[PDB]
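Below is one structure, written out as structure tokens; comments come after it.
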Amino acid sequence: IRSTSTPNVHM
Amino acid sequence: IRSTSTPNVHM
Amino acid sequence: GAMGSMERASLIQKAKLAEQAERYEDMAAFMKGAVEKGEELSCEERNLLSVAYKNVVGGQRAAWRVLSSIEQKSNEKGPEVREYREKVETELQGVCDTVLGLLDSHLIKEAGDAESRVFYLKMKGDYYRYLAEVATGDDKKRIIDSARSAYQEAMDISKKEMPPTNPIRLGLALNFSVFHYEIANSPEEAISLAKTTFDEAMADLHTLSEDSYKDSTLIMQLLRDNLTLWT
Amino acid sequence: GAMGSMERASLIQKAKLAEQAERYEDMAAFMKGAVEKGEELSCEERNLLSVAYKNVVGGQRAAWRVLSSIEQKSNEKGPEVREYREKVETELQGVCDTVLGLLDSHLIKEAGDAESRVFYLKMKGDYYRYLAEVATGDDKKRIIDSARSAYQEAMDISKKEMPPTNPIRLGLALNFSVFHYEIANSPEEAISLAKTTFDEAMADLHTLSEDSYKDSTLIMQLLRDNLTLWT
Ligand SMILES: *CC(=O)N1CC2(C1)CN(S(=O)(=O)c1ccc(I)cc1)CCO2
Ligand SMILES: *CC(=O)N1CC2(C1)CN(S(=O)(=O)c1ccc(I)cc1)CCO2
Ligand SMILES: [Cl-]
Ligand SMILES: [Cl-]
Ligand SMILES: [Mg+2]
Ligand SMILES: [Mg+2]
Ligand SMILES: [Mg+2]
Ligand SMILES: [Mg+2]
Ligand SMILES: [Mg+2]
Ligand SMILES: [Mg+2]
């Protein structure tokens with residue numbers, strides 16, 4: 001349902 | 001490695 | 001306390017909402033509020049209390065184990081790892097103190113049904129055991145005795161008043177067996193208790209209850225898994 | 001504040017330990033402490049700040065959505081659901097206020113490299129967007145404007161100073177597209193931004209950096225997934 005945003009991925 | 005104890009299973 | 005103005009039934013209701021929202025700190029606070037009303041808890045309410053506090057102390061134990069392992073590997077570079085491990089240790093001890101306080105001030109009674117009496121004494125053993133995982137010195141042996149004593153009293157009541165498939169009885173026996181192996185350096189006592197517990201349940205399998213057999217069958221498998229591990 | 005006596009380098013060190021221990025509230029507190037030293041953050045430190053706060057506000061958003069859905073279904077039975085949803089809402093707003101405070105008091109500057117300027121303005125948009133998910137009335141339109149404005153300024157800098165595969169540029173564009181679709185009721189603006197962003201990255205794929213291409217390729221797939229969803 002909800003649009004996906006930038007994930008909390010360690011850079 | 002660690003022994004398993006009673007789990008946090010909803011009753 | 002902060003929950004003093006809220007009705008018992010609303011605290012129970014909010015504990016269930018907090019469980020649904022995976023807000024386990026809130027859930028524990030709501031159930032501490034409910035216990036402080038000074039009425040007895042039902043089976044369903046003991047489940048809410050147990051789940052909430054076990055989740056909170058669970059995250060603290062996992063954190064402490066990560067930090068303790070970094071610290072021991074570093075003892076093979078600054079005070080930061082020790083300081084932060086001590087900070088998490090202090091909070092963990094705080095939560096175990098809160099639980100042991102509630103048990104002693106409100107929940108543990110001479111009266112009540114066997115289920116309630118065994119459950120609370122099992123819970124006293126578990127939270128003394130969690131303190132023992134992080135303890136050292138004069139504080140420690142006091143802690144290990146308090147855990148064994150609470151567990152044994154629980155075991156005495158369970159063997160006299162409950163069928164051998166009863167999920168509180170099985171969970172208590174599982175957790176006492178872990179005390180023996182992980183805390184008390186007594187692998188023999190652990191294996192003996194676990195094997196006796198499994199074998200007696202299977203011998204009297206007909207005693208499974210229609211409302212709890214899935215819980216009993218799960219604990220029986222965990223005793224089997226520990227026996228395989230301890231070989 | 002509580003971190004005022006601790007050295008900046010020790011706060012960074014403890015933020016990394018807290019990340020390892022999955023103690024994200026501690027990690028956020030450590031990084032707020034580091035920011036309050038008033039030195040600039042590196043790329044690695046912005047990652048620690050971002051991860052810590054996104055985890056904290058993440059759990060609050062998930063909690064709020066669970067509670068809000070129970071509340072709306074109940075509006076189809078006591079004040080308890082509304083009261084508890086309001087309690088979680090207040091804490092969420094508290095954390096977004098803390099982040100927006102740090103950005104405005106310490107991090108957002110006229111000077112600095114493009115990466116830092118775009119990252120902080122993207123972060124301002126995101127935390128205004130999180131306030132907007134729970135806002136209503138005169139407070140709300142103020143919030144939605146503040147989010148769009150922060151995002152647009154970020155977009156202006158990114159298109160001028162960064163290659164079109166840059167992971168901050170791509171993540172900002174992904175998040176502005178979500179603002180358009182989920183907050184601003186502008187599906188057209190969303191689809192247009194997402195498609196332009198994907199197509200321009202693919203057109204200039206040669207601009208991928210050796211140290212960040214896995215992050216760029218991940219965001220490109222998330223823009224594609226949203227386009228599939230918005231069809
Ligand atoms: C009826 C009652 O008082 N209950 C307490 C319990 C049901 C069971 N415990 S427990 O720790 O004994 C336990 C046993 C089996 C399993 I699977 C999980 C937990 C806690 C929850 O409520
Ligand atoms: C170098 C720098 O300043 N950085 C900030 C960042 C690297 C990236 N952001 S982000 O929100 O732009 C982001 C982009 C791609 C992905 I996958 C995740 C997050 C946050 C972390 O550090
Ligand atoms: Cl610390
Ligand atoms: Cl509340
Ligand atoms: Mg009342
Ligand atoms: Mg100590
Ligand atoms: Mg043996
Ligand atoms: Mg210093
Ligand atoms: Mg409100
Ligand atoms: Mg369209």
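Within each chain, counting starts at residue 1; across the structure tokens, chains are named A, B, ... in the order shown, with ligands numbered 1 upward in that order.
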Subject >> Selection: 12 Å around residue 7 of chain B, only C-alpha atoms, excl. self and same-chain fewer than 4 positions, as number ranges by chain >> reply: B: 3, 11; C: 47, 50-51, 54-55, 58, 167-168, 170-172, 174-175, 215-216, 218-219, 221-223
Selection to disk with N, CA, C and O atoms, as a PDB file, in the first residue's frame:
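Below is the file again-v1.pdb, written as the result:
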```
ATOM      1  N   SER B   3      22.150 -22.046  25.978  1.00  0.00           N
ATOM      2  CA  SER B   3      20.925 -22.849  26.262  1.00  0.00           C
ATOM      3  C   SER B   3      19.680 -22.008  25.940  1.00  0.00           C
ATOM      4  O   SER B   3      19.731 -20.792  26.160  1.00  0.00           O
ATOM      5  N   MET B  11       0.369 -16.397  25.382  1.00  0.00           N
ATOM      6  CA  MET B  11      -0.560 -17.494  25.765  1.00  0.00           C
ATOM      7  C   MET B  11      -1.968 -16.932  26.022  1.00  0.00           C
ATOM      8  O   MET B  11      -2.237 -16.279  27.026  1.00  0.00           O
TER       9      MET B  11
ATOM     10  N   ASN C  47       0.128 -12.908  31.512  1.00  0.00           N
ATOM     11  CA  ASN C  47       0.745 -13.029  30.165  1.00  0.00           C
ATOM     12  C   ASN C  47       1.223 -11.652  29.685  1.00  0.00           C
ATOM     13  O   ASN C  47       2.359 -11.527  29.238  1.00  0.00           O
ATOM     14  N   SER C  50       4.270 -10.572  31.805  1.00  0.00           N
ATOM     15  CA  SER C  50       5.416 -11.448  31.409  1.00  0.00           C
ATOM     16  C   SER C  50       5.980 -10.982  30.058  1.00  0.00           C
ATOM     17  O   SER C  50       7.184 -10.735  29.917  1.00  0.00           O
ATOM     18  N   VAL C  51       5.122 -10.865  29.060  1.00  0.00           N
ATOM     19  CA  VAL C  51       5.558 -10.469  27.683  1.00  0.00           C
ATOM     20  C   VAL C  51       6.259  -9.103  27.712  1.00  0.00           C
ATOM     21  O   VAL C  51       7.341  -8.908  27.104  1.00  0.00           O
ATOM     22  N   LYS C  54       9.612  -9.209  29.698  1.00  0.00           N
ATOM     23  CA  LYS C  54      10.613 -10.104  29.044  1.00  0.00           C
ATOM     24  C   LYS C  54      11.186  -9.417  27.784  1.00  0.00           C
ATOM     25  O   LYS C  54      12.372  -9.561  27.509  1.00  0.00           O
ATOM     26  N   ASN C  55      10.365  -8.707  27.030  1.00  0.00           N
ATOM     27  CA  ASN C  55      10.807  -7.938  25.844  1.00  0.00           C
ATOM     28  C   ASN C  55      11.767  -6.846  26.263  1.00  0.00           C
ATOM     29  O   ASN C  55      12.788  -6.681  25.610  1.00  0.00           O
ATOM     30  N   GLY C  58      14.924  -8.476  27.607  1.00  0.00           N
ATOM     31  CA  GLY C  58      15.486  -9.192  26.433  1.00  0.00           C
ATOM     32  C   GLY C  58      16.418  -8.311  25.619  1.00  0.00           C
ATOM     33  O   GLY C  58      17.564  -8.743  25.325  1.00  0.00           O
ATOM     34  N   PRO C 167       1.986 -26.178  31.189  1.00  0.00           N
ATOM     35  CA  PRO C 167       2.982 -25.318  30.533  1.00  0.00           C
ATOM     36  C   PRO C 167       3.765 -24.437  31.504  1.00  0.00           C
ATOM     37  O   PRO C 167       4.919 -24.277  31.271  1.00  0.00           O
ATOM     38  N   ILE C 168       3.169 -23.988  32.625  1.00  0.00           N
ATOM     39  CA  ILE C 168       3.925 -23.251  33.666  1.00  0.00           C
ATOM     40  C   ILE C 168       4.938 -24.232  34.275  1.00  0.00           C
ATOM     41  O   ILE C 168       6.081 -23.855  34.492  1.00  0.00           O
ATOM     42  N   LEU C 170       6.306 -26.935  32.988  1.00  0.00           N
ATOM     43  CA  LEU C 170       7.324 -27.257  31.953  1.00  0.00           C
ATOM     44  C   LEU C 170       8.238 -26.042  31.785  1.00  0.00           C
ATOM     45  O   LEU C 170       9.464 -26.181  31.916  1.00  0.00           O
ATOM     46  N   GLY C 171       7.663 -24.846  31.612  1.00  0.00           N
ATOM     47  CA  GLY C 171       8.508 -23.641  31.460  1.00  0.00           C
ATOM     48  C   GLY C 171       9.393 -23.391  32.656  1.00  0.00           C
ATOM     49  O   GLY C 171      10.537 -23.003  32.466  1.00  0.00           O
ATOM     50  N   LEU C 172       8.880 -23.538  33.874  1.00  0.00           N
ATOM     51  CA  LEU C 172       9.692 -23.412  35.104  1.00  0.00           C
ATOM     52  C   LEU C 172      10.871 -24.405  35.057  1.00  0.00           C
ATOM     53  O   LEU C 172      11.986 -23.996  35.360  1.00  0.00           O
ATOM     54  N   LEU C 174      12.234 -26.062  32.444  1.00  0.00           N
ATOM     55  CA  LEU C 174      13.150 -25.560  31.374  1.00  0.00           C
ATOM     56  C   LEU C 174      14.047 -24.465  31.962  1.00  0.00           C
ATOM     57  O   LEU C 174      15.280 -24.558  31.869  1.00  0.00           O
ATOM     58  N   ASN C 175      13.472 -23.467  32.619  1.00  0.00           N
ATOM     59  CA  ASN C 175      14.266 -22.301  33.071  1.00  0.00           C
ATOM     60  C   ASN C 175      15.180 -22.691  34.241  1.00  0.00           C
ATOM     61  O   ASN C 175      16.316 -22.175  34.281  1.00  0.00           O
ATOM     62  N   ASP C 215       1.428 -24.858  23.726  1.00  0.00           N
ATOM     63  CA  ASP C 215       2.490 -24.324  24.610  1.00  0.00           C
ATOM     64  C   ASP C 215       3.261 -25.477  25.246  1.00  0.00           C
ATOM     65  O   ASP C 215       4.510 -25.395  25.326  1.00  0.00           O
ATOM     66  N   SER C 216       2.567 -26.467  25.807  1.00  0.00           N
ATOM     67  CA  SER C 216       3.249 -27.649  26.412  1.00  0.00           C
ATOM     68  C   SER C 216       4.185 -28.314  25.365  1.00  0.00           C
ATOM     69  O   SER C 216       5.356 -28.549  25.693  1.00  0.00           O
ATOM     70  N   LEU C 218       5.507 -27.194  22.657  1.00  0.00           N
ATOM     71  CA  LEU C 218       6.661 -26.302  22.354  1.00  0.00           C
ATOM     72  C   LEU C 218       7.717 -26.454  23.440  1.00  0.00           C
ATOM     73  O   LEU C 218       8.889 -26.649  23.095  1.00  0.00           O
ATOM     74  N   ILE C 219       7.369 -26.336  24.730  1.00  0.00           N
ATOM     75  CA  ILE C 219       8.389 -26.437  25.803  1.00  0.00           C
ATOM     76  C   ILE C 219       9.033 -27.842  25.747  1.00  0.00           C
ATOM     77  O   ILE C 219      10.246 -27.975  26.035  1.00  0.00           O
ATOM     78  N   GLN C 221       9.728 -29.730  23.241  1.00  0.00           N
ATOM     79  CA  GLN C 221      10.741 -29.667  22.150  1.00  0.00           C
ATOM     80  C   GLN C 221      11.966 -28.868  22.596  1.00  0.00           C
ATOM     81  O   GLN C 221      13.086 -29.281  22.252  1.00  0.00           O
ATOM     82  N   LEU C 222      11.787 -27.789  23.370  1.00  0.00           N
ATOM     83  CA  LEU C 222      12.927 -26.956  23.818  1.00  0.00           C
ATOM     84  C   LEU C 222      13.736 -27.729  24.844  1.00  0.00           C
ATOM     85  O   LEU C 222      14.971 -27.646  24.799  1.00  0.00           O
ATOM     86  N   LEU C 223      13.100 -28.536  25.696  1.00  0.00           N
ATOM     87  CA  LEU C 223      13.877 -29.407  26.622  1.00  0.00           C
ATOM     88  C   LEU C 223      14.692 -30.418  25.779  1.00  0.00           C
ATOM     89  O   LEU C 223      15.853 -30.647  26.119  1.00  0.00           O
TER      90      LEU C 223
END
```
**OP:** Step by step, measure atom-to-atom distances between ligand 10 and each residue using only C-alpha atoms and all ligand atoms, keep those at most 12 Å, then write them as JSON, numbers by chain.
**Re:** {"D": [181, 186, 187, 188, 189, 190, 191, 192, 193, 194, 195, 227, 228, 229, 230, 231]}
Just to be explicit: take each residue in the selection above, keep N, CA, C and O atoms, and write the result as a short mmCIF file (atom, residue, chain, number, x, y, z; two decimals), in the first residue's frame.
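Writing the result to out.cif gives the following:
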```cif
data_model
loop_
_atom_site.label_atom_id
_atom_site.label_comp_id
_atom_site.auth_asym_id
_atom_site.auth_seq_id
_atom_site.Cartn_x
_atom_site.Cartn_y
_atom_site.Cartn_z
N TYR D 181 3.28 12.19 -3.40
CA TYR D 181 2.26 11.12 -3.49
C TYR D 181 1.50 11.00 -2.17
O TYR D 181 0.26 11.11 -2.21
N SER D 186 -0.46 14.80 -4.78
CA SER D 186 -0.03 15.24 -6.14
C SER D 186 0.62 14.09 -6.88
O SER D 186 1.80 14.13 -7.23
N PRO D 187 -0.13 13.02 -7.18
CA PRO D 187 0.46 11.82 -7.78
C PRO D 187 1.21 12.12 -9.08
O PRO D 187 2.15 11.41 -9.40
N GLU D 188 0.76 13.14 -9.82
CA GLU D 188 1.35 13.53 -11.13
C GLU D 188 2.79 13.99 -10.89
O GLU D 188 3.70 13.46 -11.56
N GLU D 189 2.95 14.95 -9.98
CA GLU D 189 4.28 15.50 -9.58
C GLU D 189 5.18 14.34 -9.16
O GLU D 189 6.35 14.31 -9.58
N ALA D 190 4.64 13.38 -8.41
CA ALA D 190 5.40 12.24 -7.86
C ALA D 190 5.93 11.40 -9.00
O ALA D 190 7.13 11.14 -9.05
N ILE D 191 5.03 10.97 -9.88
CA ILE D 191 5.39 10.05 -10.99
C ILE D 191 6.43 10.76 -11.87
O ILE D 191 7.37 10.08 -12.31
N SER D 192 6.23 12.04 -12.13
CA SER D 192 7.11 12.83 -13.04
C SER D 192 8.52 12.87 -12.44
O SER D 192 9.51 12.44 -13.11
N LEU D 193 8.62 13.30 -11.18
CA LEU D 193 9.91 13.36 -10.46
C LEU D 193 10.58 11.98 -10.46
O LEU D 193 11.77 11.88 -10.86
N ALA D 194 9.85 10.93 -10.09
CA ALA D 194 10.46 9.59 -9.96
C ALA D 194 11.01 9.14 -11.31
O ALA D 194 12.08 8.50 -11.36
N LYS D 195 10.21 9.29 -12.37
CA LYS D 195 10.58 8.82 -13.73
C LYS D 195 11.80 9.62 -14.24
O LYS D 195 12.77 8.99 -14.67
N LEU D 227 7.19 3.44 -9.11
CA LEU D 227 6.56 3.68 -10.43
C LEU D 227 5.61 2.53 -10.77
O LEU D 227 4.48 2.82 -11.17
N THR D 228 6.05 1.29 -10.56
CA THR D 228 5.22 0.07 -10.70
C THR D 228 3.97 0.18 -9.81
O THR D 228 2.87 -0.12 -10.30
N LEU D 229 4.14 0.61 -8.56
CA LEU D 229 3.04 0.74 -7.57
C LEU D 229 2.09 1.83 -8.07
O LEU D 229 0.90 1.55 -8.20
N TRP D 230 2.60 3.03 -8.36
CA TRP D 230 1.77 4.15 -8.89
C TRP D 230 1.36 3.85 -10.34
O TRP D 230 0.63 4.68 -10.89
N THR D 231 1.84 2.72 -10.89
CA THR D 231 1.68 2.25 -12.30
C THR D 231 1.91 3.43 -13.25
O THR D 231 3.05 3.57 -13.71
#
```
**OP:** Write down as number ranges by chain the residues of segment 77-216 of chain D whose backbone DSSP state falls under alpha helix (DSSP H).
**Re:** D: 80-102, 114-134, 138-161, 167-178, 187-203, 213-216
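Residues in contact with ligand 9 (atom pairs separated by at most 7 Å; only C-alpha atoms and all ligand atoms) are residues 86, 89 and 135 of chain D.
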Original post:
atom 13 (C, counted along the ligand's line) of ligand 1 and atom CA of residue 9 of chain B, how far apart in Å?
Top reply: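 We find that atom CA of residue 9 of chain B and atom 13 (C, counted along the ligand's line) of ligand 1 lie 7.3 Å from each other.
Considering only C-alpha atoms and all ligand atoms, every residue of the polymer chains approaching ligand 3 to 8 Å or closer is listed here: residues 80, 83, 84, 85, 86 and 87 of chain C; 14 of chain D.
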Original post:
Would you list which chain B residues are within 7 Å of chain C using only C-alpha atoms, as a ChimeraX atom specification?
Top reply: /B:3-6,8,10-11
**OP:** Enumerate residues in contact with ligand 4: an atom-to-atom distance of at most 12 Å, counting only C-alpha atoms and all ligand atoms. Format the result as an MDAnalysis selection string.
**Re:** (chainID C and resid 2:3 5:7 10:18 23 26:27 29:30 33) or (chainID D and resid 67 79:91)
**OP:** When you get a sec, could you note down which chain C residues fall within 6 Å of chain D, using only C-alpha atoms, as a list in words?
**Re:**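 Matching residues, ligands excluded from the count: residues 21, 63 and 66 of chain C.
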